[PDB]
Amino acid sequence: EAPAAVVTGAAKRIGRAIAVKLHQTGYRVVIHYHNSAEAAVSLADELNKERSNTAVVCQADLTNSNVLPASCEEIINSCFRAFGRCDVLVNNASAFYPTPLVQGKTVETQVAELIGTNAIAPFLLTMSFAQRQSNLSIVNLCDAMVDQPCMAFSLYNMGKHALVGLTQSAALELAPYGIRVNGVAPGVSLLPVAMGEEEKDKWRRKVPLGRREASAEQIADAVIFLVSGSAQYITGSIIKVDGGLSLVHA
Amino acid sequence: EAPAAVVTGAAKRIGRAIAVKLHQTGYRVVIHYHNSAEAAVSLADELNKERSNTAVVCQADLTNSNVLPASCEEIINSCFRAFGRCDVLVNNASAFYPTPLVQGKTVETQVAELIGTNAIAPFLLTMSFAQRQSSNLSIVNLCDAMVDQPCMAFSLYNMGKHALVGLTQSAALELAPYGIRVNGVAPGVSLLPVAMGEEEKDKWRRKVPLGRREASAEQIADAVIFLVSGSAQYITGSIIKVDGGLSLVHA
Amino acid sequence: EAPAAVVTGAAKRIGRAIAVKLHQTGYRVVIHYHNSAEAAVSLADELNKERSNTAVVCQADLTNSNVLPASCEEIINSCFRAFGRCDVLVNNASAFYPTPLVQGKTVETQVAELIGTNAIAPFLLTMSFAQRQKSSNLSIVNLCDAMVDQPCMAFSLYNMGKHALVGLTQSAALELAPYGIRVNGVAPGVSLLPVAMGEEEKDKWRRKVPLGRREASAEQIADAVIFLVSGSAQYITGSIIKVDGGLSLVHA
Amino acid sequence: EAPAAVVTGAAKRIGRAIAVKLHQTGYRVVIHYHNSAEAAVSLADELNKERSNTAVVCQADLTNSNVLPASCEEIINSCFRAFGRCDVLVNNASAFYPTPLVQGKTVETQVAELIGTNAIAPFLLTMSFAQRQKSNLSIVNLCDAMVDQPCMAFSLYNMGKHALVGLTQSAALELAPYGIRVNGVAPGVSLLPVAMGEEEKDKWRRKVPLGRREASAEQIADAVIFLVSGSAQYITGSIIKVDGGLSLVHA
Ligand SMILES: NC(=O)c1ccc[n+]([C@@H]2O[C@H](COP(=O)([O-])OP(=O)(O)OC[C@H]3O[C@@H](n4cnc5c(N)ncnc54)[C@H](OP(=O)(O)O)[C@@H]3O)[C@@H](O)[C@H]2O)c1
Ligand SMILES: NC(=O)c1ccc[n+]([C@@H]2O[C@H](COP(=O)([O-])OP(=O)(O)OC[C@H]3O[C@@H](n4cnc5c(N)ncnc54)[C@H](OP(=O)(O)O)[C@@H]3O)[C@@H](O)[C@H]2O)c1
Ligand SMILES: NC(=O)c1ccc[n+]([C@@H]2O[C@H](COP(=O)([O-])OP(=O)(O)OC[C@H]3O[C@@H](n4cnc5c(N)ncnc54)[C@H](OP(=O)(O)O)[C@@H]3O)[C@@H](O)[C@H]2O)c1
Ligand SMILES: NC(=O)c1ccc[n+]([C@@H]2O[C@H](COP(=O)([O-])OP(=O)(O)OC[C@H]3O[C@@H](n4cnc5c(N)ncnc54)[C@H](OP(=O)(O)O)[C@@H]3O)[C@@H](O)[C@H]2O)c1
Ligand SMILES: Nc1nc2ccc(SCc3ccc(Cl)c(Cl)c3)cc2s1
Ligand SMILES: Nc1nc2ccc(SCc3ccc(Cl)c(Cl)c3)cc2s1
Ligand SMILES: Nc1nc2ccc(SCc3ccc(Cl)c(Cl)c3)cc2s1
Ligand SMILES: Nc1nc2ccc(SCc3ccc(Cl)c(Cl)c3)cc2s1
């Protein structure tokens with residue numbers, strides 16, 4: 001029957017665009033969310049109106065804790081319960097905010113949220129995906145600017161660097177099971193809702209190819225390629241989708 | 001009406017698969033060749049039987065010399081003459097052989113072939129392509145996923161492939177204002193050299209994590225087709241490995 | 001006055017050689033340890049015999065937990081209480097063991113130990129070091145891994161922690177450059193091998209190394225640390241020096 | 001006896017600072033130069049006054065040509081003829097100027113100068129150095145910290161510095177069995193070009209996180225001195241950035 005995919009943080013923005021394009025391609029989808037319950041249920045409604053019984057939501061907090069392994073097992077189990085299989089995992093959910101080294105959240109909360117969502121949750125989701133196991137693959141949303149990082153984002157950048165490590169280590173370890181593991185690395189795509197217009201335009205003007213941010217759909221297009229049969233020899237690769245931003249010197 | 005692509009070294013192996021798959025996607029194609037005239041014409045005959053007047057051949061030596069710039073200008077010119085436009089350049093042609101540092105062809109001939117075909121010809125072709133320019137214009141360079149874990153005694157070849165990464169990044173930056181994207185595809189082990197013995201071929205296949213086999217030429221071509229497509233319109237300066245995980249494997 | 005350095009995991013092997021060479025260079029040293037108290041104290045006593053009042057020990061578990069930030073603050077504070085200054089931090093301590101993705105510690109313990117020692121503790125130590133600073137040559141050296149992009153099979157959590165440490169090295173280099181604090185790494189390939197590893201297995205690794213078919217001594221790793229903290233490296237920040245005999249260049 | 005080193009492009013700037021610091025460490029030096037004869041001889045005179053018979057000059061044009069191999073052979077031979085040994089090779093000489101892809105030297109001259117000096121001459125010197133061996137032998141290549149974030153319109157220069165990364169890695173691998181280590185030093189901004197106005201210099205200076213200033217020549221030479229030293233005896237195939245953080249700064 002139709003393959004099934006889990007997309008984390010799929011209620012809004014890039015994860016929503018990935019869930020939509022997978023669904024358009026033929027997948028049944030689990031729409032994971034944390035706080036955005038109305039947007040999650042609304043997307044599932046839209047996808048199920050298009051093909052009945054092809055979308056479910058699954059709520060979970062991907063902050064690191066001693067129950068995060070159970071939450072990640074539950075996300076994968078939700079896909080098997082709804083659809084009887086789980087072919088694709090997209091690790092899209094992410095906390096993103098500054099953590100300056102020199103001075104409402106305590107530092108161990110910042111560690112738990114930024115390292116948990118960007119790295120530890122992907123690892124545990126990978127573990128659960130592999131253990132429960134056509135064209136199986138995992139796509140991790142990485143960051144094209146990981147080696148040219150934003151000032152005062154050390155914990156975020158540590159998380160994204162750890163996600164590169166996971167993409168490589170899991171590609172190596174899961175290749176014998178036919179599971180491919182790859183990444184998509186945006187530069188500037190949909191800018192943070194909290195950011196003012198002048199700051200957004202500052203970022204847009206840095207991008208060589210068009211002086212504009214990527215659409216969510218342009219990031220989703222690279223995800224679709226990597227899960228497709230046109231990528232069946234590709235594993236351990238991270239595709240930058242940044243309009244050349246990472247090539248630009250200071 | 002139909003876009004047009006140039007593929008260098010297109011008579012055989014990976015460049016032939018790239019030309020076939022572009023043609024199948026609806027491109028008109030220039031099949032460039034150096035020594036493989038019969039094979040080049042055989043492919044053009046096959047593509048033209050499918051759709052008339054959609055494939056031409058172009059002979060050129062891509063060794064570095066005083067005449068390489070004129071030759072590269074002629075390859076690009078052939079596409080404009082045949083088809084009225086040139087939307088895609090695939091730099092696929094490549095010399096590959098060892099050049100030991102501690103001791104046939106003189107060393108400066110080895111330089112001209114390994115650095116000329118793998119790096120200088122792509123640079124000159126890129127200059128000609130850009131100078132002659134809605135549209136979806138892009139260049140794809142055939143790179144090598146093992147550029148940082150090179151084969152023993154292949155220094156000039158490795159130098160040429162590293163220079164091609166530099167051209168990919170430099171040209172992506174400089175041509176972005178013209179809407180020209182520049183990207184790479186980096187195979188690991190794909191079609192093994194004809195000269196290689198069967199036992200040595202098997203030793204390499206056994207190293208690959210994903211299925212213990214080499215990439216087909218069509219699996220390499222699939223990544224080229226993605227990068228020239230509308231699904232890659234924000235991608236420039238990216239090199240996609242297509243290596244089955246081989247570059248992740250420690251010694 | 002003599003400058004002062006904190007070296008984590010300094011009782012044995014590479015951290016011990018780093019602490020010895022820094023002391024030989026004229027630093028006073030805090031020898032941090034977790035379980036190896038006898039070896040830590042034996043080194044501090046040897047160092048104090050060479051020059052009185054130039055070495056102290058500091059015990060702490062660097063596993064991630066709610067108390068890790070306090071522990072890491074106390075390690076930096078110990079250097080200021082002993083010596084009145086803290087010029088150099090070497091993030092050397094590390095947990096290292098396989099964590100297979102597929103079928104007696106729980107996975108959250110594995111996460112706490114591998115990501116805590118290799119990445120979170122270095123970040124918290126870096127925060128505490130910088131906060132206490134806000135003639136001088138201040139720097140941090142992180143012990144990285146030359147094989148981070150060609151990792152050992154079934155070491156995903158170890159490899160994630162060492163990739164996070166590359167990120168820390170780069171992010172902290174950029175953010176601390178205004179304060180004159182340089183942040184660099186040294187990335188061994190194969191150095192001192194596990195103690196009870198059979199010679200026949202040690203030889204399998206040694207034979208992979210192009211330069212000399214042998215592992216690095218601890219002292220060879222320490223030499224790169226000494227260069228990075230020296231006045232000969234005063235424009236170097238954000239750099240990771242491989243000390244791996246060419247091992248990372250070797251294809252499968 | 002004292003060891004001996006060749007430094008290419010050593011009459012001025014960074015290559016002079018490297019030759020001076022090697023000479024202060026106890027090396028005998030060959031000061032290679034191309035056009036800077038007055039400056040080369042003046043430096044050798046200063047070093048000879050300090051310790052007699054410890055410095056010679058050697059003239060050569062490192063542009064690629066069919067005689068570049070003989071010129072490279074002769075630079076290494078100059079060191080054996082003056083001092084009876086050659087322990088260290090520093091590949092410092094470099095051409096640097098823009099080569100825009102979209103438009104008085106011909107393009108083939110630009111290729112010969114920018115790829116010859118930055119990549120092929122280091123390769124041929126590496127071959128000559130290795131073949132003349134019968135101690136702590138090493139080669140240091142002057143690379144560029146900004147090779148992955150290149151200056152607009154410098155594609156040939158960037159190609160040559162990428163190829164020099166490939167040579168560094170390939171030669172470290174291949175020469176390790178002979179005990180020759182091969183490493184790189186990668187400046188960001190150091191001594192700015194003499195042609196550059198102060199306003200333009202300050203634009204570059206302000207980009208550098210560590211001190212908002214360029215590296216001194218002596219700071220670059222310090223990293224060379226470390227890599228040839230006994231404190232780097234297990235280091236091969238490493239490129240050390242000396243860039244004050246510049247390569248970490250986003251656009
Ligand atoms: N946008 C860009 O320019 C850009 C650039 C580089 C990289 N990326 C990467 O691309 C991916 C998608 O980008 P984006 O801008 O779409 O992401 P985003 O809107 O910042 O975050 C995506 C979703 O992550 C979920 N999330 C955050 N904290 C969580 C937690 N503790 N538990 C569970 N889920 C949590 C949130 O779900 P709820 O709303 O349900 O709470 C959120 O809507 C991310 O991995 C990002 O780092 C994006
Ligand atoms: N096969 C692999 O496993 C592999 C692995 C890594 C990277 N790659 C890269 O992928 C690309 C395609 O690989 P491949 O195995 O298909 O290549 P290949 O068969 O070695 O060479 C492709 C064509 O290059 C042309 N060529 C060689 N020297 C030339 C010259 N002096 N002037 C003009 N053309 C010349 C030849 O055309 P004529 O036959 O017409 O003379 C040859 O058929 C190459 O860039 C290669 O470096 C391949
Ligand atoms: N040896 C190599 O070949 C090699 C290769 C690549 C990278 N490296 C890196 O180089 C550095 C030094 O290597 P090494 O072989 O000397 O290290 P090691 O012997 O594996 O570990 C060093 C010390 O880390 C401390 N440590 C472990 N878990 C800890 C925890 N939970 N809390 C606090 N401290 C803890 C231990 O201190 P106690 O003994 O006091 O408990 C141990 O003595 C490490 O970062 C390592 O990853 C080494
Ligand atoms: N300066 C920086 O900020 C910086 C930044 C990044 C990388 N680097 C690298 O660091 C190294 C030293 O930099 P620099 O500024 O000192 O170099 P430079 O002054 O630009 O060039 C050094 C010497 O190269 C020689 N050279 C040029 N063309 C030559 C040819 N055709 N044949 C033989 N020699 C030739 C010249 O010797 P004569 O004067 O004798 O003709 C020149 O004095 C270079 O490799 C450079 O690319 C420097
Ligand atoms: N989870 C998310 N990760 C990232 C990563 C990068 C970006 S766009 C670049 C950018 C850079 C700096 C700031 Cl302060 C901001 Cl708000 C945004 C946006 C997001 S959203
Ligand atoms: N132009 C070409 N470049 C390359 C690069 C790699 C390969 S397969 C890997 C490989 C590795 C080692 C040897 Cl000795 C040989 Cl012949 C081939 C085949 C080709 S054909
Ligand atoms: N804390 C530590 N980190 C590292 C990283 C690498 C190495 S040597 C390589 C190596 C690789 C695999 C195995 Cl199983 C073993 Cl035991 C040793 C040894 C250590 S000790
Ligand atoms: N052989 C040489 N290579 C380089 C590389 C960089 C630099 S400094 C930065 C810089 C950057 C851009 C321009 Cl246009 C100029 Cl003129 C100078 C100076 C030199 S000198």
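As the structure lists them, so they are numbered: ligands from 1, and atoms in each ligand from 1. Here is the naming used below: chain letters follow the sequence lines, and residue numbers restart at 1 for every chain.
Using bins of under 30°, 30° to 60° and over 60° for the plane-to-plane angle, the ring pair A:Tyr156/A:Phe96 lands in the perpendicular bin.
At least one N or O atom of C:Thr63 sits closer than 3.5 Å to an N or O atom of ligand 3. Ligand 3 has a nitrogen or oxygen under 3.5 angstrom from a nitrogen or oxygen of C:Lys162. Looking at A:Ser94 next to ligand 5, an N or O pair under 3.5 Å apart turns up. Some N or O of C:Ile14 is nearer than 3.5 Å to an N or O of ligand 3, by distance alone. Between A:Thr117 and ligand 1, not a single N/O pair is under 3.5 Å apart. At least one N/O-N/O distance between C:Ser191 and ligand 3 falls below 3.5 Å. Ligand 1 has a nitrogen or oxygen under 3.5 angstrom from a nitrogen or oxygen of A:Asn35. Considering backbone and side-chain N/O atoms, C:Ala95 never comes within less than 3.5 Å of an N/O atom of ligand 3. Between C:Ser36 and ligand 3, at least one pair of N/O atoms sits closer than 3.5 Å.
Within the structure, the closest approach of A:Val188 to ligand 5 does not fall below 4.0 Å when heavy atoms are considered. The closest approach between A:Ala121 and ligand 1 stays at or above 4.0 Å for every heavy atom of the residue.
Nearest-residue assignment for atom 12 (C) of ligand 5 (options A:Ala144, A:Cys150, A:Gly9; heavy-atom criterion): A:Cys150. One option in A:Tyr156, A:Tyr97, A:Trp203, A:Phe153 has a heavy atom closer to atom 11 (C) of ligand 5 than any other, and that option is A:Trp203. Remark: among candidates A:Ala17, A:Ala39, A:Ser94, the nearest residue to atom 24 (O) of ligand 1 is A:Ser94, based on non-hydrogen atoms. Of the listed options A:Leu191, A:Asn92, A:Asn118, A:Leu191 places a heavy atom closest to atom 8 (S) of ligand 5. Distances from atom 33 (C) of ligand 3 to the heavy atoms of C:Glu38, C:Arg16, C:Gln59, C:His34 show the closest one on C:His34. Nearest to atom 6 (C) of ligand 3 by heavy atom, out of C:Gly15, C:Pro194, C:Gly189, is C:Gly189.
Remark: C:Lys242 is not positioned above the aromatic ring of D:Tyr234, lacking an NZ or CZ atom under 6.0 angstrom from the ring centre and at most 45 degrees off the axis. Figure legend: cation-pi geometry between C:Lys208 and C:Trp205, with NZ or CZ positioned under 6.0 Å from the six-membered ring centre and within 45° of its axis.
For ligand 5, the atoms closer than 4.0 angstrom to any heavy atom of A:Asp143 are 5 (C). Atom numbering of ligand 3 starts at 1 in the shown order; those under 4.0 Å from a heavy atom of C:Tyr33 are 40 (O). Close approach of ligand 1 to A:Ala60 is summarised as follows: ligand atoms under 4.0 Å from at least one heavy atom of the residue are 32 (N), 33 (C). Taking every non-hydrogen atom of C:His32 and a distance limit under 4.0 Å, the qualifying atoms of ligand 3 come out as 33 (C), 34 (N). Within ligand 3, the atoms closer than 4.0 Å to a non-hydrogen atom of C:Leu143 are 10 (O), 11 (C), 45 (O), numbered from 1 in the order shown. Less than 4.0 angstrom separates some heavy atom of C:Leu62 from each of these atoms of ligand 3: 30 (C), 31 (N), 32 (N), 33 (C). Every atom of ligand 1 with a heavy atom of A:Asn92 under 4.0 Å away is listed here by number and element: 11 (C), 12 (C), 44 (C), 45 (O). Near A:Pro192, the atoms of ligand 5 lying under 4.0 angstrom from a non-hydrogen atom of the residue are 16 (Cl), 17 (C). Numbered from 1 in the order shown, with element, the atoms of ligand 5 that lie under 4.0 Å from a heavy atom of A:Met195 read 13 (C), 15 (C), 16 (Cl), 17 (C).
Among pairs with a residue in residues 138-159 of chain A, none fulfils salt bridge (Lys or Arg N to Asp or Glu O under 4.0 Å), at least two apart in sequence or across chains.
Salt bridge status for C:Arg16 with C:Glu46: present, with a side-chain N to carboxylate O gap under 4.0 Å. Using a 4.0 Å cut-off between charged side-chain N and carboxylate O, A:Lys200 and A:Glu213 make no salt bridge.
The protein atom (non-hydrogen) at minimum distance from atom 8 (N) of ligand 3 is C:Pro188 CG, 4.0 Å. The nearest protein atom to atom 7 (C) of ligand 3, hydrogens excluded, is given as C:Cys144 O, 3.5 Å; this is a heavy-atom distance. If you check which protein heavy atom lies closest to atom 36 (C) of ligand 3, you get C:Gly9 CA, 4.7 Å. The shortest contact between atom 19 (O) of ligand 3 and any protein heavy atom is with C:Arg13 NE, 2.8 Å.
Neither the backbone nor the side chain of A:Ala40 comes within contact range of ligand 1; no heavy atom lies under 4.0 Å. No part of C:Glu113 comes within 4.0 Å of ligand 3, judged by heavy-atom distances. Of the heavy atoms in A:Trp203, none comes closer than 4.0 Å to ligand 1. The proximity of A:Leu190 to ligand 1, defined as any non-hydrogen pair under 4.0 Å, is limited to the backbone. If you look at C:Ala216 next to ligand 3, there are no close heavy atoms at all, none under 4.0 Å. Contacts between A:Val188 and ligand 1, counted as non-hydrogen atom pairs separated by less than 4.0 Å, involve the backbone only. Both the backbone and the side chain of A:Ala93 come within 4.0 Å of ligand 1, judged by heavy-atom distances. For A:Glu213, no heavy-atom contact with ligand 1 is shorter than 4.0 Å.
One distance of note links CZ of A:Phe123 with CG of A:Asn64; it measures 11.0 Å at 0.5 Å rounding.
The residue from C:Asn142, C:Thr169, C:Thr117 that alone fulfils the side-chain hydrogen bond (donor to acceptor under 3.5 Å, both in side chains) condition with C:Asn91 is C:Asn142.
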